[PDB]
Structure formats: C-alpha cells, structure tokens
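Each remark here refers to the structure printed beneath this line.
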Amino acid sequence: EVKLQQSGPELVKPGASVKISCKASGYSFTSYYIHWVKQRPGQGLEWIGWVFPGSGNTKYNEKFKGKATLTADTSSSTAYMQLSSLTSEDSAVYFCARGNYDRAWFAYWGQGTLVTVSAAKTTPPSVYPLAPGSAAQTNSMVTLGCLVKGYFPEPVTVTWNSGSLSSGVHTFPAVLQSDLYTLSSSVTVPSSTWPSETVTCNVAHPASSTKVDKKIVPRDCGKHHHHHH
Amino acid sequence: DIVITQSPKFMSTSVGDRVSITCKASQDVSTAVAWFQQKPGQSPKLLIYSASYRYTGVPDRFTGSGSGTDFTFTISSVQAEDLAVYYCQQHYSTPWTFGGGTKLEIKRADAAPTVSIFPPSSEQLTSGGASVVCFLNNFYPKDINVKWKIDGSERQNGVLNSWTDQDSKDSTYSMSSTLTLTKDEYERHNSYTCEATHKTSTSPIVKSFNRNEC
Amino acid sequence: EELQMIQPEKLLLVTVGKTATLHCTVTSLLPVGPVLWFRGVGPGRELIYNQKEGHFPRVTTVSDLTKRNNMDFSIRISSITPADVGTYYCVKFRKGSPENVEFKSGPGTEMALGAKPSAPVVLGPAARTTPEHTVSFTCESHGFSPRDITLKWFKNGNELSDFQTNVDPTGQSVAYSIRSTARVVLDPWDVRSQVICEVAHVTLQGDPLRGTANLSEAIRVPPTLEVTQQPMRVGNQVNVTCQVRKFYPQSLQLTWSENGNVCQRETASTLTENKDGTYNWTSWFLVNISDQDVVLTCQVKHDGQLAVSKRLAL
Ligand SMILES: *[C@@H]1O[C@H](CO)[C@@H](O)[C@H](O)[C@H]1NC(C)=O
Ligand SMILES: [Cl-]
Ligand SMILES: [Zn+2]
C-alpha cells in the first residue's frame, strides 16, 4: 500500500535550521509529485511547495521563498524539507503528501511532523499516579488517572496497560505554563477489576527518549488506621 | 493568491441530518476544487477532487458539486464519526490555497458528567509541589463550570483547565481541572472540592476529599 | 499501472518578457515513444516542442530528456509575449507501423498573462497637526492583474488595522486598482516615524512593494516654555534665560519684552536637537543690575502659530 512516514518531532533554537524527512513506500517513488503542507496549531493549511523526485524539479509558495528547500533522494525513496532561520512563526505541524491523478492532488498524506521553535531546554516529564480513596468501593465503575507534569517540548504519548485498555480513556490536551507543559489522562474500568487486576499508565516523551510505566496503586492507609480517634 | 472563503465556520447537527458546506473562490477556478476532512490528531483526508469526484473508498454520503466560483460539499446523512474540520481547496493555480475550515459538531441528547477528584500523590509531594485533579467526563452539551473550594471557600489562583475534542463514538465532551499549589499551602488546609455546573442537574455535582482519609 | 500524463497546473500566470515554466511528468516509462508539446487540441494544434526533430529556439527543457530514465517533460518558454497565451498540452506517442500514434495527453495548462502593480503612492495630509489627533493617509497602486492583491499598513515596524481598502473594478479588466485610507494617530514621539504601505501580488514573487510617507511632514509639536533667574555666583549680575523646549518643525521667532516693550538687546542663543527629533532653543543674557521691578516676557511664535509667552519678575 501507499505509505508516507515522516520523521519525529523537532525542537529547534530560534535562528537555527532543521530538515524533516518523509520516507515513501509501496509505489514507484520517482514517479509522483510530493507536496509539503504547513499547519500552525489550531489554524488552517498552507501549501508550501512541491518536488518531483527523479528530476528534482521544485516549485514553491513564494511565502516560503528563502524559508523552505525541497529535495529528494530517489535511491532512498525519501523526500526532505529544510527550514532555515526559524522564528516562532515556523512552529507548526508539517505534512508531506503524494499527488494523484492528472493534477497531482493531495491524496496520500504522511502523519505530520511537529516542529517547535523555542530556546527552552528539553525536559522529561514527571509522571504522577492518581488513585481515589473513599468512593473506590461505592460505584460499579472506577476512574483512575495519571498526571504528566512539567515536560518540554510536545508531544507526549499516553496509553493504558500497553494499549489493551482503550475502552474509556481520556487523554487531555497539555496546558503550557512558563516553558513547561502539563497534561492529565484518565481511564475507567469496572471496580471488580481494580485493584484486583493491575492498571498502568504508559507515558512516553519522544524528544527525551523517555518512558515511564506508572502502576496505579491504592493509597497507603497505615497511619490512618492507627489514628482512628 | 486566490482566496477561498468557506461557510459556515461552525456547524452543529444531529446524526442522520443532511448538511451542506459552501465554498467561494475569488476567481473562476473551473471545477479544480478539492474537499478534505481532518479529524482531531490526524492528517487531512482527501474526500472529493475535481469538485464532484469521490476518492478511493470514500462513503456514499459525501458529495461535492459546483463550478466556477461557487462550490458545495454535502453529507447526506451525518454520522458520529463524521465530526471533524472540513476544508475546501483550490487546485487551479499556484500557490494552491485552502479555505478556512468548517468545524462539524454533533447534536445529541443531554448527558450528565461523571466527576472524580484526586489527591496529590506521595511521589509529587516529595518534590515540593501538590496538584489536585478533578475529572468531568462524558457530558453533553459542551457548556460546563468548575468551582474549586478549599475548606469551603473559593480559590482561583493556580487552576488550569483542559477540554477534549467531542467524542467520535458517543458524541460527549470531557474536562480536566487541576489546582496546583506548594506543599506547605496544601498542608495548611484540610478539605478540597471541585464543584460541577451543568444543564443536566439544577444542583452542582460536588466531589470533595479531606487530607486525612482513605 | 498504466502511463499517466501529469500536468499539475490548470492555469499558469506569466508576465511580459519573463520565462514560463510548463510542468509535465509521466508515471511510467513504457510504452516506448516520444513526448511532445502542443498548443491547442485537434488537427489544427501547433507544435511547441519536439524531443528529436525540429528547431525550437524559445523552448528549453527543465531536465535532461536524452537520459533514458527521465520522466519530467517540463519546458521553459522564454521572453513571453501576449501571442503566447493558450492551452498547452503534454502528449505521449507510441510506435506504429509507419507513423507514431498518439497514446495519451495531459489535461493541459492554460498560459495566462498577468501584470505587476505600480509602485504604491502614499499621500499625507496637506496641513500639519498636533499630537493626540488622528490623521488620514492614502495608498494607491494600479495596473495589476489578476484582481487578488494584498495591502498592509505599517507605522514604523507595527502593522496598523484602522484602515479601509477597495479594489476596483469588480468586473473583468485588463488592469485593476487598489485604494486604501489609513487612520494614523500622532504621538509626541512621531517626528522620526514613517507610515508604510505594502503591496503584495502573485506577479511580484515574494518581494512586496512599499510606499512611504514621513510623519515629520504631518506633525507639529508645540514647544514648552520657561524663564529663569540665576544669580551669577560671583558678582551683582543676573542670568536671564528662556527655555523653548521640544518643538517641531524648526521654525521659530523668539522676542523679549521688557514691561511689554521690545528690547532689541544682544542675546547669546543656541539651537539643540532632541533624540525624539524635536528641537530646543535656549536664549540667555546678562543684566547689569542698575537700581530702578521689571517684568520680563519671553514671547515665542512657533511655525506661524499664535504667540505663547511666559512672564518673570526681577
Ligand atoms: C546663563 O545660564 C545658561 C543656562 O541656564 C548658560 O547656558 C549660560 O552659559 C549662562 N551664562 C553664563 C555667562 O555662564
Ligand atoms: Cl514663525
Ligand atoms: Zn477512617
């Protein structure tokens, strides 16, 4: 099948440059136009330009004149976009798409690559478990959570029990607060399966090659039961 | 650069309703128009090209039409998975340009939020900070309020809220609310409360915990 | 997977004298056979470029066609004149028995003519105004096609939003015009400030055009006045000085009045400029203190305005 897999998220210093890549597969790479598209978070889409691999012919959106440079390595079935002298205006997801039909319409898309332009250092998150106390019994279902605090940059990935729990999960958008992002995630299970059966939030941070598996354990009650005044 | 203005910017609709997005170009662009769908977290998906042709395996319910300066995208029977942002695009002249999007949301029946409150973990407290999290899950409509009380009195400083995109299965929203202060500030008080205000209950939903409990 | 003829651009814009790049690619290398360019469809179509035979002084290939493996048949046609407008088709032929037969055509690219806008002309108000008043500037540019154009207003480095813009006409025209009026507020720090009109058009290719007006020509900064006495630390003399502070433009008459009478006496007076662009004028003199209460007035006329004054008692 036709697949476009782009490289991981980037953090780049203002004024520096970066090179996103887009690896193609399941079709003859020399044969189709590749387009790049820009999306500024919660904003629209913008065509950056194209490259025809094989010729290496490119054509640009003049808005990206000395900003973007498109290239292709036909032998490696890979397409590149270089972005120079980055400002905060460049922070966006960038997509590669492959053309189809006689006008090379934007038909096959990559997964996107998040580029964050900032001077802030890369910071792995602290992962905190969120276990209840009193209402742990009462109901037929129980909600457990996971707090992913103080990380940079985006994004973070959150699964539960390696992805086997996806039934009633809510991972929430991160909030930025002075150079650091914080998000929560919640899962709902029947109470007869917790703490009977183990529950774990799996939190990864791509930019820091970081993964923590936080097992949600019921709170410690030792001191409570000693002071039942 | 051709401008494409798209209407409406926001639309909400019941499951099985018919809906129509319009798109207007600043030039005559023939039939060289595309329609894309972008669901939250995903890349755009080509739905329609050359103004009316459906793309490889797109459902029957998606149609495109129009010629010249006016175009129409239409869903005959809205499904719950159909919530997304939809863009038209001119593919007539470089630089190619997209419309501003129409966000589609689903009308459904009212649902009460499930509310849950969480104390700071031991792990976090050893750092020197303390976060209290309150989840407000699977409600409808979108409009909702969270009050934070400490010892019965109100608190605004250090409260952060995050909302989810509408659910593609059950059509509901969720919210997260995190009250964060220092270790010492947390020690200085006993009961913490998040209060929920929603169309569904004339009374606020109240989840509380006392710093000494199990 | 059969061979396809890809022509990405349905319409291509170009301007007189410039080069036009017609883009065409093939998806497969078989069937074997040449690719040709034509203007028009049907039996009356014009041969624009042929790989092997023919002379085409104005055409130049984007990539090296002689290479077995090439799949890009884009061409550049130089020195575009209005006669070149048309629909250009990219056409693949296969081998036949004697002749070659047409196998597949691209969907064609329309070559259309556009025009660059003129250098924007920015006009200011005819008369000067004091700070804390809003004034109007206008921007015009004309002669461009197509009608789509962008116009931005800036005061120095800051983009303004208090403006109205019209593009004319609405119908089809060889040339369109853009007219804009911006409301600009004059601050006391505005002598060295510039109003800028920025016109962006697809025919310019990245580089916008700018019209400017200097606010130095629109502003009057009224001066502030004070008069002082200084006992000459050694002697029976007084140093009387008049301070004319922060005025613009540099056009000033300063008169001295002794009990309402003009003096004509010699005064050592100097002009200074401020960082903010405004000027100062100092005027000091010494009095031999005789014996016989004199009211001294420093009277200033700035840039043809009503006289303002300050009294001082000895
Ligand atoms: C009188 O005072 C002014 C400033 O107030 C100064 O410029 C001038 O030099 C003084 N006169 C003398 C003789 O020093
Ligand atoms: Cl004068
Ligand atoms: Zn107890």
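For the record, the sequence lines run as chains B, A and E. Reminder that position 156 of the first sequence reads as 156 in the deposited numbering, one-by-one numbering, no gaps. Reminder that position 2 of the second sequence reads as 2 in the deposited numbering, one-by-one numbering, no gaps. Per the deposited numbering, the third sequence runs over residues 2 to 293, 296 to 317. Each residue gets a CB set at the ideal place from its N, CA and C atoms; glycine is no exception.
Since residue i meets chain B, which of its residues come closer than 7 Å, beta carbon to beta carbon?
i                      : result
residue 133 of chain A : 130, 145, 147, 184
residue 179 of chain A : What residue 179 of chain A touches in chain B: nothing, since even the nearest Cβ is about 12 Å away.
residue 5 of chain E   : 102
Verify whether the separation of the beta carbon atoms of residue i and residue j is less than 8 Å.
i                      : j                      : result
residue 116 of chain E : residue 145 of chain E : yes
residue 241 of chain E : residue 228 of chain E : yes
residue 35 of chain A  : residue 57 of chain A  : no
residue 117 of chain B : residue 14 of chain B  : yes
residue 178 of chain A : residue 131 of chain A : yes
residue 129 of chain A : residue 193 of chain A : no
residue 216 of chain E : residue 181 of chain E : no
residue 79 of chain B  : residue 96 of chain B  : yes
residue 83 of chain A  : residue 11 of chain A  : no
residue 225 of chain E : residue 211 of chain E : no
residue 159 of chain A : residue 135 of chain A : no
residue 112 of chain A : residue 200 of chain A : yes
residue 123 of chain E : residue 74 of chain E  : no
residue 72 of chain A  : residue 22 of chain A  : yes
residue 123 of chain B : residue 150 of chain B : yes
residue 139 of chain E : residue 78 of chain E  : no
residue 33 of chain A  : residue 124 of chain A : no
residue 220 of chain E : residue 130 of chain E : yes
For residue i, count the other beta carbons within 10 Å of its own beta carbon; 16 or more makes it buried, fewer makes it exposed. Which is it?
i                      : result
residue 42 of chain B  : exposed
residue 175 of chain A : buried
residue 290 of chain E : exposed
residue 264 of chain E : exposed
residue 212 of chain A : exposed
residue 49 of chain B  : buried
residue 156 of chain B : buried
residue 138 of chain B : exposed
residue 109 of chain B : buried
residue 279 of chain E : buried
residue 35 of chain B  : buried
residue 243 of chain E : buried
residue 221 of chain B : exposed
Could you work out which residues of chain A lie near residue i, taking near to mean beta carbons separated by less than 9 Å?
i                      : result
residue 173 of chain B : 162, 163, 164, 165, 176
residue 149 of chain E : 1, 2, 3, 26, 27
residue 14 of chain E  : 93, 94
Can you list the residues of chain E that residue i reaches, using a CB-CB cut of under 7 Å?
i                     : result
residue 15 of chain A : Those within 7 Å of residue 15 of chain A in chain E number zero; the least Cβ separation is about 38 Å.
residue 62 of chain B : 206, 207
residue 23 of chain B : Simply none; closest approach about 20 Å.
residue 54 of chain B : 72, 73
Can you give me the Cβ contacts of residue i inside the same chain, cut-off strictly under 8 Å, excluding the 5 residues immediately before and after it?
i                      : result
residue 94 of chain E  : 34, 35, 36, 37, 101, 102, 103, 104
residue 56 of chain B  : 71, 72
residue 166 of chain A : 83, 105, 106, 142, 172, 173
residue 33 of chain B  : 50, 51, 52, 98, 99, 104
residue 213 of chain E : 123, 195, 196, 197, 198
residue 91 of chain B  : 40, 41, 115, 116, 117, 118
residue 252 of chain E : 305, 306, 307
Below 8 Å on C-beta distance, what does residue i contact in chain E?
i                     : result
residue 57 of chain B : 24, 63, 64, 73, 75
Which residues in the same chain as residue i place their Cβ atom closer than 6 Å to its Cβ, once the five residues preceding and following it in sequence are excluded?
i                      : result
residue 26 of chain A  : 2, 3
residue 274 of chain E : 280
residue 85 of chain A  : 38, 101, 103
Starting from the beta carbon of residue i, find every residue of chain A whose beta carbon is closer than 8 Å, and list them in chain order.
i                     : result
residue 10 of chain E : 93, 94
At 7 Å on the CB atoms, spell out the chain A contacts of residue i, in chain order.
i                      : result
residue 221 of chain B : 214
Mind pulling the chain B residues with CB within less than 8 Å of residue i?
i                      : result
residue 37 of chain A  : Neighbours of residue 37 of chain A on chain B: none; closest Cβ ~11 Å, over 8 Å.
residue 108 of chain E : 102, 103
Skipping 5 residues on each side, what residues in its chain have a beta carbon closer than 7 Å to that of residue i?
i                      : result
residue 120 of chain A : 130, 131, 132, 186
residue 29 of chain B  : 53, 74, 77
residue 95 of chain A  : 1
residue 7 of chain B   : 20, 21, 113
Could you check if residue i belongs to the surroundings of ligand 5, using beta carbon to heavy atom distance under 7 Å?
i                      : result
residue 194 of chain A : The model on display carries ligand 1, ligand 2 and ligand 3 but not ligand 5.
So which residues on chain B does residue i lean against when the C-beta distance must stay under 9 Å?
i                     : result
residue 28 of chain E : 28, 31, 32
Extract the residue ranges of the alpha helix (DSSP H) inside the segment 128-168 of chain A, only unbroken runs of 4 or more that lie entirely within it.
Runs found: none.
Length-filtered (3 minimum) beta strand (DSSP E) runs lying within the segment 138-201 of chain B
Whole beta strand (DSSP E) segments, 3+ residues: 141-151, 157-160, 169-171, 175-177, 180-190.
3-residue-minimum beta strand (DSSP E) runs that sit fully inside the segment 7-41 of chain B, ordered along the chain:
Taken in chain order, the unbroken stretches of beta strand (DSSP E) that lie wholly in the segment 7-41 of chain B and span 3 residues or more are 10-12, 18-25, 34-39.
Any beta strand (DSSP E) of 3 or more consecutive residues that is wholly inside the segment 46-80 of chain E
Entirely contained in the segment 46-80 of chain E, the beta strand (DSSP E) runs reaching 3 residues are, in chain order, 47-51, 60-62, 76-78.
Extract the residue ranges of the beta strand (DSSP E) inside the segment 35-81 of chain A, only unbroken runs of 3 or more that lie entirely within it.
The segment 35-81 of chain A contains these whole beta strand (DSSP E) runs: 45-49, 62-67, 70-75.
Going along the chain, which unbroken runs of the beta strand (DSSP E) with 3 or more residues stay wholly within the segment 197-224 of chain E?
For the segment 197-224 of chain E, the continuous beta strand (DSSP E) assignments of 3+ residues that do not extend past its boundaries occur at 210-215, in sequence order.
Beta strand (DSSP E) runs contained entirely in the segment 88-121 of chain B, provided each spans 3 or more residues
Segments of the beta strand (DSSP E) lying fully in the segment 88-121 of chain B: 92-100, 105-109, 113-117.
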